[PDB]
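Same chain, two versions here, written out as structure tokens and called structure 1 and structure 2.
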Structure 1
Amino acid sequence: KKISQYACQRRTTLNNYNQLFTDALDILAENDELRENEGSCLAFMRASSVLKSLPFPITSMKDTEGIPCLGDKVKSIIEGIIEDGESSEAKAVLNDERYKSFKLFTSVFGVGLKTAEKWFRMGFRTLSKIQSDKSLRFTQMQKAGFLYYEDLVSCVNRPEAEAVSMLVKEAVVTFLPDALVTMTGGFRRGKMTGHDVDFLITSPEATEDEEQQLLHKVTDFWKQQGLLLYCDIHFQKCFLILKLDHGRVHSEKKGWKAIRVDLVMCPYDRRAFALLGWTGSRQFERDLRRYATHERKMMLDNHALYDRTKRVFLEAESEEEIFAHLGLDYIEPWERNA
């Protein structure tokens, strides 16, 4: 059976037989500025995505026959990796003078490409020099990023994500006893680590006002308890840093860890669309929307599914119903790691 050009028509599990190729493509897709080779970041992303779906490792150029999304530029990168196990193109990005600084600066919560670039052009190369500088001005997000750096740079693991889930559920149930709280993002796709923990909160009985007030109630409750380290409030959402007591963690192993937490509140009837959107991966979501537009003349996003031919919104109480409306075989969350 031929491999679809769409990630939403492939099953992509975390059992990647092509990590040598994918890690190089991901470096090239992530570093457009630092790159010296002709090719598009979209072409690198789609090629990395198809390779992730393969049930076998590429061991020769003949293995690439019949695989879509492998352009001439991508095939030269695959060729170079087969040749000695490394990509000269990815290696040039890794050896680029700005690369190390950009990775380092953007690893701070509140620091994006614009700020990383500003600091690099000022002559900064280390966080220690940035933090101790007397002339620099930091946003409140960056101050939290620097204060809790070590904890935030350690990625969150599953026992920690689950301990956060318990905290979220206890806070949410206090104000909305009928609320459904679902962990989304990478953890829902079977990942063992993450840079943060995402949740989708919905309530079958909440009014428009109760649902607007919930995130404010929960964050105030955490502030009173001394757990809120940072807070910033399409759907209503908040980006937080929570104080997690390691005594709440059920694992094999300061007494606390700073954890980045994202909370999304959605109306009950749109829960399936928000769940689908927040589960990801980013490439899976991109392909689902591209397939819906180009193959079905449908408009899909985190809030709804609209049929442009019938001029009607399509309702769904589950992700399964969305796939069915799209004429797609159902792809389980752990199979969406495109």
Structure 2
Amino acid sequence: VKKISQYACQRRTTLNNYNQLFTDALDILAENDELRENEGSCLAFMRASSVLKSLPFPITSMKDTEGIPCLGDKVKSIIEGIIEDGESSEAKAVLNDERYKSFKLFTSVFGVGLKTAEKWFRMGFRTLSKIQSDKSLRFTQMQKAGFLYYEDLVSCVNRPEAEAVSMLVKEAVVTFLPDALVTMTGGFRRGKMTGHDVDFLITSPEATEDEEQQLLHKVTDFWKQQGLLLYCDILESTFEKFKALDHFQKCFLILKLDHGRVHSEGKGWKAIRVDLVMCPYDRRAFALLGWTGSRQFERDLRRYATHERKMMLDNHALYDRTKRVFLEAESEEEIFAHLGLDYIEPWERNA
């Protein structure tokens, strides 16, 4: 029998999850450990959830868990409890916990992460209305946008919306850089029907250093002139060819997506979170691999490179510590081949 690897980068994980009863519970337990800053226990529940997502059959008895890695005693007790009556008492207790409920609610606001959510909870806040109306609190520009466009941003992006955004991004980019290669990355590249945002990788084989640097500024100025730019933060590249977010130039946006552009009213438009990444042409395969995800697939790719191959992988490069050389790649397939891994298709990276 074929042995399931402990690494997500050695598993094929499509969106057809036969174990959602177990993985929904494990994702909740992981999220609680993330909040309680218990990184180790968090990661163990994330890995167990990931491996169950790869299974081609549903777990219906404890015998079905034999030989599956990342399922220790604690995880097997959770699976046993769900087999017993269809529910997880552990995940149910987390769903009813006040700290957990407040963290989920507060971090659902764009611009609010773990530190600000924890701060507001310890101050005694429990609702978004009481936070917004408070006269002592001061909000960042990101949080102001997060509250103003809250319902649109919490409703998530569907495929017709992602496709409409892709058309807008591609059309704007090729207007200013005709030879640019625009790729939608993230969940939508992995075949997802929904996402919290729409991510893109932009690269150009012939653009100069100045042209490459100016593209995101030209495209966002163009949208600003049209009143489509609801939020914009451009992070300049800190990329160093000879060697936390990656160092490529990027922008975190909120775009006004007119309903007439969506082929699938109210105010007639929807606020959409969009991320654009510009990378030098020679790093395009590393950037594409890093931005395609999933987060668990990326973690395990890097963990496999370190522990199994004595290599160092990131969104910009692959370094071989034994040969003392950087390994170049023109495609994701070439990165997988450098690592000694069978190629995993993007729609198989939903770890």
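If you superpose the two forms and keep the largest set of C-alpha atoms that fall within 1.5 Å, you have the rigid core. Sequence positions of structure 1, starting at 1, serve as the residue numbers.
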Discussion item. Looking between the two structures after fitting on the rigid core, I'd like to know which of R121, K91, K223, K75 has a C-alpha displacement of 2 Å or more.
Written reply: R121
Discussion item. Does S281 move appreciably between the two structures, meaning a CA displacement of 2 Å or more on the superposed rigid core?
Written reply: no
Practice prompt. With both forms fitted on the core, give yes or no for whether the Cα of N302 moves by 2 angstroms or more between the two structures.
Written response: no
Practice prompt. Please say whether, between the two structures, the C-alpha of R35 moves by 2 Å or more once the core is aligned.
Written response: yes
Worksheet, complete the sentence: Students should find the CA displacement of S165 between the two structures, rigid core aligned, in Å, to be 0.8
